[PDB]
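Trainee: In the first instance, please consider these chains from the complex; the rest will follow:
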Amino acid sequence: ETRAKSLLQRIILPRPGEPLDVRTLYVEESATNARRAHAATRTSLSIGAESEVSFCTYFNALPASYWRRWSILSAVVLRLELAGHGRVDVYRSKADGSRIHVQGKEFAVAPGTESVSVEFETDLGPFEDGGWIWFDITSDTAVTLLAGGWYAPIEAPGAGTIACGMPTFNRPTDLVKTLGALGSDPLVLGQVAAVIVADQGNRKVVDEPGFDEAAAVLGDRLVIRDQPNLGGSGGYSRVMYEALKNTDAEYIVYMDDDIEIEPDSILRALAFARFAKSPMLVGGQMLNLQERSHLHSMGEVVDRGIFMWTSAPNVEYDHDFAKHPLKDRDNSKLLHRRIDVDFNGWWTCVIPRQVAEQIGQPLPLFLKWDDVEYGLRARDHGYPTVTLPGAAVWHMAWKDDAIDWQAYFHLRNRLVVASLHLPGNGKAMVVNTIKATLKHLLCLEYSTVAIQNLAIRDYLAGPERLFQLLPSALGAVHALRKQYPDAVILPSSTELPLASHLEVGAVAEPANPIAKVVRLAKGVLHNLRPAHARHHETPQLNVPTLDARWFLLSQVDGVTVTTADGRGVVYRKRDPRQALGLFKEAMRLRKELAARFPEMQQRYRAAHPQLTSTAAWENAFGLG
Amino acid sequence: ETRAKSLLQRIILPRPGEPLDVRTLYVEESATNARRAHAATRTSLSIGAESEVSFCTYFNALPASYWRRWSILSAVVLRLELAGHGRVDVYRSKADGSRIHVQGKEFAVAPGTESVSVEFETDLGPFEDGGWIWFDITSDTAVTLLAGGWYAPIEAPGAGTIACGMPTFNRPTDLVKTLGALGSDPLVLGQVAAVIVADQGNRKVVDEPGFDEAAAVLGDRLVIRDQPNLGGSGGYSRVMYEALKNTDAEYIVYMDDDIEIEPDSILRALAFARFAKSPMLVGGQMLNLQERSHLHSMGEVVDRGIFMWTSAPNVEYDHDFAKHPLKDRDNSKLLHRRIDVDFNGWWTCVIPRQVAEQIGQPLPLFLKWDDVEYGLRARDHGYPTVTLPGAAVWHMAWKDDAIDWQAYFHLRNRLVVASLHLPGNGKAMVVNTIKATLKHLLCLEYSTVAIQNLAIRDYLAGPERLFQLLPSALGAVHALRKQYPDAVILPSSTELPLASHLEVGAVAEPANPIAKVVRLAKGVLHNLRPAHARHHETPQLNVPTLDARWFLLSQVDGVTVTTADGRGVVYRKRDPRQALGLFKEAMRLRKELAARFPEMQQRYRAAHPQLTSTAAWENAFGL
């Protein structure tokens, strides 16, 4: 007689010996409890007498606003199996984090039996701008939650079969763990029709220890394809090609090879994609793999002025649930607002087969902006994208991605997608790139300016080169970078002579803004003077990563800057002649870009159907 | 199968009944734990079920940046012996204290066995500017850590034999405690080849109760010598002399006679010196003996402008770990930066035998600026000094060391080392000493100005007088100070008449700098008028230590000031004639110093091999 029909989200609990900071993602235990809640299994919990455990957490709370805005559901059904005497209280929240009591039931096991069912049904009405639904358990005796989860009162449409896919490149140790975690949960395995791997490196995962057991667990689902290193674009395009050609799944699940999979997130994203009103992309969120209690972002959009991907409104990066729980209205109010996004990353993303077969294959961009363009294309075809809170995987956050080789792909493809979606003349984007070049030159980052000029040149060459540059651009970018001293990395600062500290002045951040202006003037005047070769062989300062800002780099001639991860240093040397030459070349290229932008818009929008075609990608993979 | 090859740092735990604030130096227990962790032994811990214990502490976290910058080690190995069912998560940090989860494991004891081994291996890659490596234990059941420690994956070079040495002076009880603690650890005794003591006081340690048991535990290693009071310089010089002459050890371990020795710190410094790329000095840090949970300084450098020793960059004094643990990124982020130092104190310092035989013996400076000069000499000879975190010893911190007799030895030697490592004319140092003399004369500290003039006069006498002033300057400084009223310490303010509180106005510090300037003007105008003798007999105020600042001593004629430790008072009296005369004499001496500084530089750089030779110190030891 239960209203529960289809499972949407299980009540998952931490692992044996889980760190205390990560436990906040599952349960919010009250400090007044004289005993910590012991998690016997991954779906059961054991709390002692006179204890209160709140499930207003990132994993066990239901985002009712998302299930109201995009799902065909009118109400949700909470079901719990309990043993012992206690009470379960169901609360909801508004768009500003205010707690509202919904219902409450005092439960106890009937004598003669062993367990008791507690069931609530709450409408998705008051969640127009945001809000969650959660439940707290306040025990009178020793209470044990045997099982629980959220349900939809109607059966799930379709079959729900999914084809997973991960592009890998010389990361077999992590791919083995990913496949094992994918095959560990039988509920997830029951929905997987294929597991597609695109090995683009030389160290094949087949030759990795621990691979055969996970492969036997997955059975015939595992399909590994070898191909040249075509980057993330080529890898995910091969995944989608295999899923659309050789598997009969209803949803393609883009994943990454270096993620820690929470298996219930896949089921949550699948159930959300199945109950959607219209076909839509359902992506997952990212938790920091190094700080596992941190949610990296609630959602991402793209500023259409300068055309640049940024955080969605009411979103702040890096949220620590251990320090600021979901109940904290001071620091976690923005988490109670429904976040509307333009795109979602491919670390975990669900694409319906209809959307994939209609809008086509990814663009041959190798890396960067390959997911933003796909999200924008899906939106233009009438398919929105939702970053579903609760469904997430663990992956490393973002370092020197705007300085190293990536600074090439970040710019070129930025100009490509802008050719396909930026409305207007694009002068604001050119001014943004001009000031970015100014900053790069003032910070003694000349290889970045060189490779960005190369990116502008390769972009102005037309879309007909996009498939030729797919496997050969990275080599040229690397060869151009390694000819500048600021790109060659050393083991440590000891490989150079000791810091002389000669001719060093004020290099600390200014306080008042007039000091900022006078230091900018000082830095301009200093960069105008010819440098001293003395500081090109013996560095002046050993500057860390965070101390390497403009107010320090604009007053030096030669400085060792420590890399982001702290594994080495790079010797940046100031050269007025080369700086002026790179600036002149960048301004020439940007003027030509501002002049030819309508032509490039037309050409890229005309070549887009040929770039997303299946035959062109078949020729790219070598299946001619 | 284990990658462990050389023990570098043992996981040590607090003593039975250890104070809670001191326990934070070893373990960081979570407040949500229902039961406090019980340390059965000093090398094992027992935690209850569903508890978490973090080892990101001052004694159980490896300073990976130091073992990357100066050691030949490419990686470290963490080996743990555990009983029960739980999980061990090894983390690291960056230069700003960002916690990076490195690697986790879940352990359980198989049925039929008594314990399990948990081993990790982590490279020393991402530690260019700083960072630690630690591990946390989250228990599912009752979990007992039987043993654990850090291990280098290669064997240790050499033999690891050490010769420890402590100069003592009328402190036999603390020396007996130190000798007992030195021979308490078997792993430490296994590496000690000699224990040299230089008794310079009348109260001999051989006549102290409890000495014979510690002597029998140490064995033939204990070697006690007797010599006149030649200060710390002479004591450590005698220690190094005996070590290089009669012992075949590979390292000399300078220690102090009044320290509480953490035994594993000696082995940590030894392992850090043995795995060094080039020979180097591996000094230890100093924990406050009175506040046993505080670390005094991460390291010390010397500013070459005014030439003065101070805290290294990114170093603040007095860091309480009980209040600000290592995990606190708000108040402990500076402890995650690799601190480069110029020298290290001789409360615990490791000097390789090669370095000692090459650079020589300490200078005959008696007290102050001896370890600084020795570190700078080692640096000039191609040997750096590193203050290794985690390897520390308890000892008192610093009070009146800028007013009492030490103000002599601190200034004179400050000039001596300035004749050796100060590039330039040295006018900045002279201006700094001029303004310091101004501060002293405004604070009615005339004895300090007098002994500083005496220090300048003795420094301008040349290096030939150094060995003559080694056993004779202290008595002269005492006889000079006992002629001033501000240098005579009374038992209490009760020995003087009651405070009159007459003619006492603005003595509380103001809040605006304009008022600071007008009060400085008031004090300048007050130090010009002839003082009233009535206030030189009956004091005006009974001022405590903290209240004795310039905004009070410049508006008074006679005041009793309480000493730093609070065991007495001193009667400071203002005299315009004597103040002006001392100022004139100090200015004349500093003019002569600024004029003759190149001459003194040449004289001290030429006579350096003679003052650091074995024969001169043998003549000084009475040998």
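Mentor: Yep, it's here. Numbers count the residues shown, from 1 in each chain, chains lettered A, B, ... in the order given.

Trainee: now the helices: where do they sit in the stretch 451-600 of chain A?
Mentor: Secondary structure of the stretch 451-600 of chain A (DSSP state H, counting those that start in this stretch): helices located at A:473-481, A:513-528, A:534-537, A:550-553, A:576-611.

Trainee: Quick one: residues contacting the residue in chain A positioned nearest to chain B.
Mentor: Going by CB to the nearest CB, chain B is nearest to residue A:17 of chain A, at 2.9 Å. No exception for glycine: its C-beta is placed from N, CA and C like everyone else's. Applying CB atoms under 8 Å, 6 or more residues apart in numbering or on different chains to residue A:17 gives the contacts B:85, B:86, B:87, B:106, B:138, B:139, B:140.

Trainee: ok, the residues you listed vs chain A, which is closest?
Mentor: Using CB to the nearest CB, residue B:87 is the member of those that lies nearest chain A, at 2.9 Å.

Trainee: Excluding sequence neighbours, find me the nearest residue to the closest one.
Mentor: residue A:17 (2.9 Å; CB to CB, 6 or more residues apart in numbering or on different chains).

Trainee: host element of the one you found?
Mentor: Residue A:17 belongs to no helix or strand when elements are defined using DSSP states H and E.

Trainee: and it, what are its phi and psi?
Mentor: The phi/psi pair for residue A:17 (degrees, to the nearest 10) reads phi 70, psi 30.

Trainee: Please enumerate the helices of the stretch 1-150 of chain A.
Mentor: Using DSSP H, counting those that start in this stretch, the helices of the stretch 1-150 of chain A run over A:20-23, A:64-69.

Trainee: Turn those helices into JSON lines, including mean neighbour count.
Mentor: Output for these, formatted as JSON lines (neighbours: other CB atoms under 10 Å in any protein chain shown):
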{"stretch": "helix A:20-23", "mean neighbour count": "21"}
{"stretch": "helix A:64-69", "mean neighbour count": "23"}
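
Trainee: before we move on, back to that, generate CSV for the helices of the stretch 451-600 of chain A, with mean neighbour count as supplementary columns.
Mentor: Below are the helices of the stretch 451-600 of chain A laid out as CSV (neighbours: other CB under 10 Å):
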stretch, mean neighbour count
helix A:473-481, 17
helix A:513-528, 14
helix A:534-537, 15
helix A:550-553, 20
helix A:576-611, 15
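
Trainee: And residue A:34, its phi and psi?
Mentor: According to degrees, to the nearest 10, residue A:34 has phi -80, psi 0.

Trainee: Residue A:52 is in contact with that one, correct?
Mentor: No: if you go by CB atoms under 8 Å, residue A:34 and residue A:52 don't touch, sitting 11.7 Å apart.

Trainee: Neighbour count for the two, which is higher?
Mentor: Applying other CB atoms under 10 Å in any protein chain shown to residue A:34 and residue A:52 shows that residue A:52 carries more neighbours, namely 17 against 9.

Trainee: residues in contact with residue A:34?
Mentor: Taking CB under 8 Å, 6+ apart, we find residue A:34 in contact with A:48, A:50, A:51, B:34.

Trainee: need the contact list for the second one.
Mentor: Residues near residue A:50 by CB under 8 Å, 6+ apart: A:33, A:34, A:139, A:140.

Trainee: Which of those residues fall in strands?
Mentor: Using DSSP state E, the subset of these located in strands is residue A:139.

Trainee: Can you pick out the most distant pair from the contacts of residue A:50?
Mentor: A:34 and A:140 (14.4 Å; CB to CB).

Trainee: which element is residue A:617 on?
Mentor: With DSSP H and E as the criterion, residue A:617 is inside helix A:614-621.

Trainee: okay, the angle between that helix and helix A:576-611?
Mentor: Calculated by axes from the mean of the first three to the mean of the last three CA atoms, to 10 degrees, helix A:614-621 forms an angle of 130 degrees with helix A:576-611.

Trainee: just how off-centre is helix A:614-621 within its chain?
Mentor: Offset of helix A:614-621 from its chain centre (CA atoms, centre = their mean, to the nearest Å): 27 Å.

Trainee: Also, this goes in as chain C:
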Amino acid sequence: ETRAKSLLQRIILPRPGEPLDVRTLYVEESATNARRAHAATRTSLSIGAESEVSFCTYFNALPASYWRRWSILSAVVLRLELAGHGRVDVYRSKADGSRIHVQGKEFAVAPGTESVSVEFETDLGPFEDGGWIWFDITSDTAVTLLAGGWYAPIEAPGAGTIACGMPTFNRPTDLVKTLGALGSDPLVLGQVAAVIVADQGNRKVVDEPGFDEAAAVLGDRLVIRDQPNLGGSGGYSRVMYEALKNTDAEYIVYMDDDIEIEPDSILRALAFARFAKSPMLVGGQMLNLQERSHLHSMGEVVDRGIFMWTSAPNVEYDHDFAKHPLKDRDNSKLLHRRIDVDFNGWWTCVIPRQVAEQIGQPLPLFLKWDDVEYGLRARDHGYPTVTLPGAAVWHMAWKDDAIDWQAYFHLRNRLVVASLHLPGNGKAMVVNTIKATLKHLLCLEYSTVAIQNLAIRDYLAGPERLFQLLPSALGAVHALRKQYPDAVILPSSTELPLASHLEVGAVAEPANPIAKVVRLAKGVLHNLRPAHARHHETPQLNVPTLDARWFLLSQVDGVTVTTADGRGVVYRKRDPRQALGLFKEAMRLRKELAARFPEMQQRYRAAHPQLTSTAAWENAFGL
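Mentor: Same chains as before, plus chain C:
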């Protein structure tokens, strides 16, 4: 073998079921302890395994500064008896609250025996400006402190016999409870030779239930004497007379009939009075009876410029140890300084027999300014007064003591004592009383000025009327006050018609000081116009106690003000002619006082020996 000789202070512990906030005066348990410490008796504690208990509390910490400044002791001996396995750590503090570790010992009961002795001896050296000495107990297993206390390493001078004395007036229940508490401790009764009571009321203590048992416990020490109500002055004078005539005790102990006695405080004050360098008055502190975890004052002095009793330097009233313990360096630093006082209250005060026989009897002042004058006379006769921390009793603090009848005795006796100890012409005191009269007239407190004028008149009547006004001033003040509407208390504001709120403007406290000035101007202008009789029958506002300030009372014609304890209201009314006449009379009397001040000084200083004679008080007692 033990250096302990004389018991100075026992380590006392809370009562069964003691409130948590009161437990902070005895023990400071660590919040991390899994179990709260249980005190099976008042002298034993039982702490569980892995727990820390700090005795740096108000009762179990030794004020080393006071035992160094006023006592002949050179050190203090801490002796404890412990069962179990743990560690004791003795700490001290400086004058600013910095914790300095002194010593530490690990204890464990030897096999066969049941308890072990732990003994420390610490010199009273570094306590010139302040500081305490305490000990912390950190357990390993179950630990039980059976008994402990502080000791002097020399025997106590004299016998230590004390004669107690408590004046009472119609308080039989509290006096019986006080007698029971005084007789409950055998260590206190062993020193008590007499318990003197001066029953000055109609209801006698002899007819109170529960009196016979306390009387039988006290034995023949209880000496009750009946006499007319002569106030506190007469009661304490009769107590001193009886103690000096009919008992052979060494120290008189003034107590109050309505205090909750901590019995060990008496022994602490006695030990401090015996070991003193010179004879001195060792008084005790006052803990708030309504907030038992609060200390009212660390000490009291008297400002000589305007001659008014106030808090001593570095003394803040009302210190809550439950919220701000002694270890809190931010909110309890001032408690770590030695407080020098001018006098001490008579709720608990030890006066040596020599001092009492020499300086004489208290002055016949009825109430107020008697203990101040006695302390000043003692100080003039070379006998200082010291308020000893740790030795305290519980008693009510202070309300309306500046508006009711007490405003009379406080002013008159303020002048009298001034005539004995005020250097100069005393114009500042007259100006202070003038501005106080201005404030009283602004707040519609006309009876206060009406009785202050009577006080100025009776003071100018000469000291020959002091013994005549002893049993007659209270009735005159009462009959004069009850003729004013602001002094007649009503059961509630419901006795008057409801508040009309008519002609009520700005009554909230101004923000910027310019608003304060303009509101003072408005209030001055409002007191110039004729008052409307309408507001004299129906009140305008029902103003609480804390809201009855000048900024509200200076802009009204008739207001009900609630009394301090909240048991009634008074209908204050404004009358411009009456206020003007009271002001004129006050100015006349104050100009006459400022003119005749040297005359009254000479007269009172000449009459003081006759007013403190035994014959005059024998005449006053009816003997």
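
Trainee: that older thread, in CSV, could you pull the C-alpha coordinates for the helix holding residue A:617?
Mentor: The C-alpha trace of helix A:614-621 is given here as CSV (Å, rounded to 0.1, in the frame of the first residue of the first chain):
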residue,chain,number,x,y,z
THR,A,614,29.8,11.1,-38.2
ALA,A,615,31.8,10.5,-41.4
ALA,A,616,34.3,13.2,-40.6
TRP,A,617,34.9,11.7,-37.2
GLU,A,618,35.1,8.2,-38.8
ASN,A,619,37.9,9.6,-41.0
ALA,A,620,39.5,11.1,-37.9
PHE,A,621,39.5,7.9,-35.9
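
Trainee: Any chance you could list what contacts it?
Mentor: Contacts with helix A:614-621, where a contact means CB under 8 Å, 6+ apart, come from A:227, A:230, A:234, A:237-238, A:241, A:360-361, A:364, A:467, A:470, A:610, A:624.

Trainee: I'd like to know which of the residues you listed are buried.
Mentor: The neighbour-count criterion (16 or more other CB atoms under 10 Å in any protein chain shown) marks A:227, A:230, A:234, A:237, A:238, A:241, A:360, A:361, A:364, A:467, A:470 among those as buried.

Trainee: quick one: contacts for the third one?
Mentor: With contacts taken as CB under 8 Å, 6+ apart, residue A:234 has the following neighbours: A:167, A:198, A:200, A:227, A:228, A:364, A:366, A:470, A:471, A:620, A:621.

Trainee: Identify, from the residues you listed, the entry nearest to chain C.
Mentor: Lowest distance from chain C to those (CB to the nearest CB) belongs to residue A:167, with 50.8 Å.

Trainee: wait, the closest one sits on residue A:239?
Mentor: Yes: counting by CB under 8 Å, residue A:239 is a contact partner of residue A:167 at 6.5 Å.

Trainee: Name the residues contacting each of those two.
Mentor: residue A:198.

Trainee: can you count the residues close to the closest residue to chain C within the stretch 151-300 of chain A?
Mentor: At 23.9 Å from chain C, residue A:293 is the closest residue in the stretch 151-300 of chain A, using CB to the nearest CB. Residue A:293: 19 surrounding residues under other CB under 10 Å.

Trainee: who touches it in this structure?
Mentor: A:21, A:22, A:24, A:25, A:287, A:320, A:321, A:322.

Trainee: now with 7 Å?
Mentor: By CB atoms under 7 Å, 6 or more residues apart in numbering or on different chains, residue A:293 lies in contact with A:21, A:22, A:24, A:25, A:320, A:321, A:322.

Trainee: got it, and residue A:480?
Mentor: A:450, A:451, A:454.

Trainee: Of the contacts of residue A:234, just the buried ones, ChimeraX syntax please.
Mentor: Listed next is the ChimeraX selection for buried residues among these, using 16+ other CB under 10 Å:
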select /A:167,198,200,227,364,366,470,471,620,621
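
Trainee: before we move on, back to that, can the contacts of residue A:480 go into TSV with extra columns for neighbour count and distance to chain C?
Mentor: As requested, the contacts of residue A:480 are exported to TSV (neighbours: other CB atoms under 10 Å in any protein chain shown; distance: CB to the nearest CB, whole Å):
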residue	neighbour count	distance to chain C
A:450	23	57
A:451	27	56
A:454	19	61
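
Trainee: got the residues of the stretch 501-624 of chain A near chain C?
Mentor: Contact residues, the stretch 501-624 of chain A versus chain C (CB under 7 Å from any CB of the partner chain): none.

Trainee: residue of the stretch 501-624 of chain A with the smallest distance to chain C?
Mentor: Using CB to the nearest CB, residue A:511 is the residue of the stretch 501-624 of chain A that sits closest to chain C, at 28.8 Å.

Trainee: try chain A
Mentor: Of all residues in chain A, residue A:34 sits closest to chain C, at 9.2 Å by CB to the nearest CB.
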